[PDB]
Amino acid sequence: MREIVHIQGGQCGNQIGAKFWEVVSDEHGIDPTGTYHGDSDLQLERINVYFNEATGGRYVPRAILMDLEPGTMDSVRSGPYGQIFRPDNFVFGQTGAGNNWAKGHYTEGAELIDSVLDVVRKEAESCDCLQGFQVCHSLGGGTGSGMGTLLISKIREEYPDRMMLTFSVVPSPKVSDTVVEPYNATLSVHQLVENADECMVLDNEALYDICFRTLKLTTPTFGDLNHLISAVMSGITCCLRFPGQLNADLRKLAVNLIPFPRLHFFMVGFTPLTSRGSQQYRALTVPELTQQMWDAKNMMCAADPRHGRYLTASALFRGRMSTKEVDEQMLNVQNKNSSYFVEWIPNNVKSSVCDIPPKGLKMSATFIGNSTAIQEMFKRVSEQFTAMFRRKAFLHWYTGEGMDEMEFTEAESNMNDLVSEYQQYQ
Amino acid sequence: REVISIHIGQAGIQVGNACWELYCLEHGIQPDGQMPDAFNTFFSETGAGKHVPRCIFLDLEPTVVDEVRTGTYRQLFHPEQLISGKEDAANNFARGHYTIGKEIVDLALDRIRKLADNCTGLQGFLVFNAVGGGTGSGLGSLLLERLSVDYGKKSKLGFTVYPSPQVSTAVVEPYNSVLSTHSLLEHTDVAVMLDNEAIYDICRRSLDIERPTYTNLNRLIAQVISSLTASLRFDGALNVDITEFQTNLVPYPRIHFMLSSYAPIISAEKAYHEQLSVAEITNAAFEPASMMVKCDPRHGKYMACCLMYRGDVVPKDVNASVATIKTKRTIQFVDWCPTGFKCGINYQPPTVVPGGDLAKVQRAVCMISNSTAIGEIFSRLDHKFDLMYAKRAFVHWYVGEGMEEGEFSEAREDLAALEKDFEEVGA
Amino acid sequence: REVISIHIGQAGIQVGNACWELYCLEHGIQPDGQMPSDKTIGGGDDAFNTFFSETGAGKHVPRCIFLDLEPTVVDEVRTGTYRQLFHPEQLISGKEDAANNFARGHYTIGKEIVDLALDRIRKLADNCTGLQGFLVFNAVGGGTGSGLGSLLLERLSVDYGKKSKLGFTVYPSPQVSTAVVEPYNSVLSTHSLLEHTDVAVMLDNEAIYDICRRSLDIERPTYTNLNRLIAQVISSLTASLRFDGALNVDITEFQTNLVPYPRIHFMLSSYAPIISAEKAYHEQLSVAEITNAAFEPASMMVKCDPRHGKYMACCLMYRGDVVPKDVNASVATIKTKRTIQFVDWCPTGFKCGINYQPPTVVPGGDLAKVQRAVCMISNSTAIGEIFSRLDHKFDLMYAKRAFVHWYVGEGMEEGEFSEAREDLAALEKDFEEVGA
Amino acid sequence: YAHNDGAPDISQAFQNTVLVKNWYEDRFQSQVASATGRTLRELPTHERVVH
Amino acid sequence: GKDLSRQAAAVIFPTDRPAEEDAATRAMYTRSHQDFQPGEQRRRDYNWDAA
Ligand SMILES: Nc1nc2c(ncn2[C@@H]2O[C@H](COP(=O)(O)OP(=O)(O)OP(=O)(O)O)[C@@H](O)[C@H]2O)c(=O)[nH]1
Ligand SMILES: Nc1nc2c(ncn2[C@@H]2O[C@H](COP(=O)(O)OP(=O)(O)OP(=O)(O)O)[C@@H](O)[C@H]2O)c(=O)[nH]1
Ligand SMILES: Nc1nc2c(ncn2[C@@H]2O[C@H](COP(=O)(O)OP(=O)(O)O)[C@@H](O)[C@H]2O)c(=O)[nH]1
Ligand SMILES: [Mg+2]
Ligand SMILES: [Mg+2]
């Protein structure tokens, strides 16, 4: 019916998407061999959104994997639910970028983007009515950021009417993996602010601290982080996949959360996240979900929302519940901490309800917050970018490839104008 | 994805003699060539049941070469992969660069040309040489020149053996080291320094091997090389390829010089003794008691770092350890680069060689960083070079071989330029 | 109607370890916390509600927080049989002990542990809806139960204040003692316990030892038996809230009916019949003998003599098969007797209470399930004699400045010593003034 | 800010038996791992991190 | 020979000797010397069957 085309770039994108197609296959109850094995017929009615029938109930995903190293493809085919992807959707170069936006945006794209454009085109016209695209990638790496943003720009030029979600992990100084993470981050976000519809900012700092303090795991490997991100993405798309008392599609979320075409950077939260040692302390009530949702320690971005103002927000509820308690709870949390919301928009909170909780769960909720405290993170990046660009550190591996320094000046300017307008609305 | 390695000189092929022993032991390849896909980046699988390495040994004296040809690894190495000249260059850059190079280098390059032809997904070249000698310096530089002419854009990882400040075996090694650096600047894309006094202090202090030979040095250097190619070879949680050192650690086209380090260098007894954790090995990889180059980074400022991890390593604790490093102030970074780290993790633990002195460790760290203490190295070498050049000593060897005063002068002022360079960037 | 219970110190949480065992047995709840599967609880389980808050389906978590600074005893609870009943988040544990040092327990470690205890007790009160009051458990002799306990009582009184705080403290015996500086720690405790708590009940140890020796015929009792019958006293006190009786009183009644003066709040407790299985068979149990039995010093919980004092007021909870006619007859016999004397301030010096449900004991043994029992909480002047006894032995050690260097090394000074000493003297003057 | 809130501990890690810092939660994980039969490390991410 | 035999360990900590069970003799000790184990009541010889 309404169709989502999933796109995954880079090492981060390939692994989080593997876990994403794992949990979605789980919710539609399809085995790792490709056949339905669920119980109720309620799951069969909305598998067109994510899978296509091939032969004998073989539901294969509508996904495009994209990278430059075969190691990502080996990690794809190694795990379970690694055999259900179509081998024609395993499009992949051979050389590798390796933390280089130039290589990811001018050379490797130049001969990889055409072939992925052929397959994503064949994938797009294979279905009838798109809802849009959903891309998960990174911003620190090269083959994710550069190749991803180039694809995003090119597919938005071809299909300007379809929606677009982008789950991008941003780097933090405390969890600082690469060295040229500012050069790739600034140039990517400068592409996103002009081309992407809306961006869900993620980072590993919040995810590690969440897994320490709220889950209390001793060894938080990547698979757990990927699953939490997967939980968020599944919670986002719950409404197209299942009926409810008040459905909300992605376009319905975009119009209720984007007041200005450049104010589309959200912070995200997911509930419930409790240590399985304390899973019996807590009950399952809407106020119990709300106190964990609006908490600052539960945002998936290293940005204190109490250091700014919520412009708008949206809450997606799953499971049988009572709408009265939902609305009065949102109203109460809006009136109590009244200073942390903006004044010239009343009723900043959009809510939605679908009637199917995720598997093994009884009632869940996903939080999308458009706050003005995201400029602290971009300032946290811009000051590093200024420190590098002052005397051109690491600059030649970019400039000697086809890029000029004017790209860096305009990316600097666009970022500074964005953080200024966020500060203005504060 | 493959990488071919070249070994130049008397040092180059002895390091290779220990390095390829490690590769056979890590991929379980018998010394006669057959196993009882991860190996495909080093051992091409000829015919049926036989792997034969992507390597070249070369030298001008046949002694150490046919010692390889008659060692344990007779059937393993291709008969002509090991190249051998007739007579030595004999601690003479000009002799190794103009007289004998002109007839050995052409056979070397039209040999690696068909090595590259058999290869498919070449990452690049990684070289092994010493600059104190003549064969490593002279035709090593001559080869690097013709490599840069032929391919150029392919990376050239250079693990070079500089002369130690105090401990020294030769006399003209200042001249040869200077003349080699003059070409090592604009030819190698990135270079790792390896002194011998630093490694001698390591084996004396940590390993407590009181009287070490070269083979102990070669063995743990091979351990370093294996720890930074483990990413290509095996699957890890976060693998970083060869083109990363190019990007994440070379801020300027003429600043590519890196101090290397390794931890834990621990014998068989201190292993059961010590509780190996990521915090202390990430700490121990920073004190100069564990640097492979005799210098003090206290006097310098770091520019970029890179950390390979092998074994049971989760990104949590490596992230916590580098956080404690960034918050410490005993070491310092330059202000013009805030994010001064790069990580990399591979799953397989480093294996041990029978009769070796290193123990089976759960996890290990190979740190490669850039600093300005290397600017201190070149100054300390240039000072004693001027000492000899003022009196024009030993010059008649080079001039009679074919060179003149110009190359001495221009290499002297080039090292002066590199000096001005490092002092300018460091502040 | 809900009441939350906090346990501070080594002694308090061991009493709670026995107390919650009794509660789950009274409401028939298995150690895991789920109800028995075979027996259906029914929709309106209001009785469990005062202590256990139903969460989700079939699980009851108590409204309690064990907290202490040494981790040993707390993690013994965490690894014992009641691992599943409390999950980790209420059992607050420090890193190192206060070590019998009121200063160390009130100023050194209290500064970082009390705030965590407070915003937890906030969330517990938020979960609650009809909060009747708090009740605390501590032994004033120790370091944690005295220091941080008083700090906790102070910040609770500045948080809520108006709600009643039933303090069940354990005083040091005159001759029986395990510590040395507990005179100092006790005096410094009462310095705050006088004006902070509302209704504070005293529990000695040697009196209980005499009880297990004489009536329970246990020749050598351990702490387990002490805490078991103390849990019986507490359960018999709150059974008026937990269960419907013919004549119910709530927790605010001791506030009005037992405390005639805002600073004179110290209550002697007693229980009857403390009886084994053999004596019960040989003894006919009725109300007149136990109403007597509740007044002899051989069945009190504090080693003092009510003969030398005069009663201020008395309160009698009856559990089991008790009709009002004969309890009225027995208290008539008491008020006409002359072996005990009341104050001329109150003619009507009694407060009765009847509940239908009989006492329940651990099935293993030590106590025969009886048809009826009584718990007496009175007010007299023998308590003033106890304080004077502790004040003398405090002054003896203070005159030579013994052990003072630990406190001043922690950061306290002679000012609070002298002012607490004169405060207790003021309490002695108040007792002697009201008793006349 | 909100997510820093702490200092990394310079301390060694014991097993789940010794009562050092996180033994309680780790003990529950290990218990359910023994109940199923597989080890603690080998577990589906959902089983380890969702309700 | 003597400090390798280490007789003092054996005399201070008699590991070779069986521990304190005295299953039935504890009853006769309680009967004769009135010395019970700590957490026990005094036990009369009541025929509870008759009642
Ligand atoms: N660490 C280490 N250094 C070595 C080894 N072999 C040779 N060297 C060093 O190489 C330096 C000089 O170069 P040589 O290897 O002796 O000879 P060369 O470089 O081939 O030059 P020619 O003698 O003309 O052939 C000496 O300072 C040695 O310390 C080795 O196996 N390990
Ligand atoms: N009734 C009863 N009293 C106890 C018990 N355990 C300890 N006490 C009393 O507590 C007094 C000392 O205080 P403790 O509770 O033991 O220790 P504390 O209050 O935690 O102070 P610190 O040891 O410094 O932490 C002793 O004199 C005992 O009389 C018990 O299990 N039951
Ligand atoms: N949460 C999460 N982050 C990842 C994962 N894999 C990589 N990353 C992050 O991605 C960043 C580096 O991206 P990179 O792999 O270089 O992107 P690419 O080279 O373009 O494919 C690092 O900061 C990692 O923290 C994963 O599985 N989960
Ligand atoms: Mg030589
Ligand atoms: Mg104590």
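Just so you know, all these numbers are worked out from the coordinates, no wet-lab data involved. Neighbour counts run over all protein chains shown; Cβ positions are idealised from the backbone, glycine included.
Key figures for this structure:
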read-out: Per DSSP, loop GluC sites (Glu not before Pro) in the stretch A:36-128 with at most 14 further Cβ within 10 Å; value: A:125
read-out: Point-charge dipole on Cβ atoms (K/R +1, D/E -1) for chain D, about Cα centre, debye to 20; value: 180 debye
read-out: Cα centroid separation - the stretch D:1-26 against the stretch D:29-51, whole Å; value: 20 Å
read-out: Leading residue at positive end of dipole, chain D (Cβ point charges), from D:37, D:2, D:16; value: D:37
read-out: Charge dipole of the stretch B:296-388 about the Cα centre (unit charges at C-beta), most positive-ward option of B:375, B:309, B:354; value: B:309
read-out: Farthest positive-ward along the stretch A:79-217 dipole, Cα basis, beta-carbon charges - from A:143, A:113, A:164; value: A:143
read-out: Net charge of neighbours whose Cβ lies under 15 Å from the Cβ of residue C:158, counting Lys and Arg as +1 and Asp and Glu as -1; value: -1
read-out: Three semi-axes of the equivalent ellipsoid, the protein assembly as shown, Cα gyration tensor, whole Å, largest first; value: 75, 40, 30
read-out: Length-normalised contact order of chain C in % [C-alpha pairs under 8 Å, at least 6 apart]; value: 17 percent
read-out: Sorted by Cβ neighbour density within 10 Å, fewest at the top, the residues C:13, B:112; value: B:112, C:13
read-out: Euclidean distance between Cα centres, the stretch A:161-184 to the stretch C:192-271, Å; value: 64 Å
read-out: Two-site FRET efficiency, residue C:371 against residue C:333, from Cβ-Cβ distance with R₀ of 22 Å, rounded to 0.05; value: 0.60
read-out: Fraction of antiparallel bridges per DSSP, the stretch C:271-406 only, in percent to nearest 5; value: 65 percent
read-out: ³J(HN,Hα) computed for each position of the stretch A:335-352 - Karplus, 6.51 cos²θ - 1.76 cosθ + 1.60, integer Hz, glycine/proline x; value: 8, 5, 8, 5, 6, 7, 10, 6, 9, 8, 10, x, 6, 6, 10, 8, 10, 8
read-out: Whole-Å distance, taken between Cα centres, linking the stretch B:80-137 and the stretch B:375-427; value: 25 Å
read-out: Kirkwood Rh and Cα Rg combined as Rg over Rh, evaluated for the stretch B:215-279; value: 1.04
read-out: Inter-label distance for residue B:186 and residue E:12, nm, one decimal - labels placed 7 Å from Cα along Cα-to-Cβ; value: 8.0 nm
read-out: Distance in nm between pseudo-label sites at residue A:83 and residue C:418 (7 Å out along the Cβ direction from Cα); value: 8.7 nm
read-out: Most to least packed among A:130-141, C:206-217 [average Cβ atoms within 10 Å]; value: A:130-141, C:206-217
read-out: Test item: D:14-23 mean partner chain Cβ contacts at 10 Å; value: 2
read-out: Average partner coverage of A:179-188, which counts Cβ from other chains inside 10 Å; value: 3
read-out: Charge context of residue A:28, other residues only, Cβ under 11 angstrom, K/R +1, D/E -1; value: -1
read-out: Count of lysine pairs in the stretch B:30-178 with Cα separation under 21 Å (8 or more residues apart, or interchain); value: 6
read-out: Among beta bridges that DSSP assigns inside chain C, antiparallel share in %, nearest 5; value: 40 percent
read-out: Net dipole in debye of chain A [+1 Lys, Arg Cβ; -1 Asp, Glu Cβ; about Cα centre; nearest 20]; value: 1260 debye
read-out: Phi-based couplings in Hz for the stretch A:98-110 (Karplus 6.51, -1.76, 1.60; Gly and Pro marked x); value: x, 6, 8, 5, 4, 4, x, 10, 10, 9, 5, x, 4
read-out: Using a Förster distance of 60 Å, the FRET efficiency for residue B:352-residue B:107 (Cβ separation, nearest 0.05); value: 0.95
read-out: Mean Cβ neighbour count within 10 Å, used as a protection proxy, ranking C:189-195, A:159-165 highest first; value: C:189-195, A:159-165
read-out: Residues in the stretch B:191-233 reached by a label modelled at residue B:37 [backbone nitrogen below 14 Å; 7 Å Cα→Cβ]; value: B:233
read-out: Computed FRET value (nearest 0.05) for residue A:339 with residue C:118, which takes r as the C-beta separation and R₀ as 25 Å; value: 0.50
read-out: DSSP beta bridges in the protein assembly as shown [antiparallel fraction, %, rounded to 5]; value: 40 percent
read-out: Global form of chain C, assessed from the alpha-carbon gyration tensor, a/c cut-off 1.5; value: oblate
read-out: Within the protein assembly as shown: Cβ-based charge dipole about Cα centre, in debye rounded to nearest 20 (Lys, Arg +1; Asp, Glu -1); value: 2700 debye
read-out: Phi to ³J(HN,Hα) by Karplus 6.51 cos²θ - 1.76 cosθ + 1.60 over the stretch A:235-246, Hz, x for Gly, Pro; value: x, 5, 8, 4, 6, 5, 8, 8, x, x, 7, 8
read-out: Residue A:1 paired with residue A:380, simple spin-label distance in nm, labels 7 Å along Cα-to-beta-carbon; value: 4.0 nm
read-out: Sparsely packed chymotrypsin sites (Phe, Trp or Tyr not before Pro) within the stretch A:160-226, loop by DSSP, other Cβ within 10 Å at most 16; value: none
read-out: Residue-averaged beta-carbon neighbours from other chains (10 angstrom radius) around A:208-214; value: 3
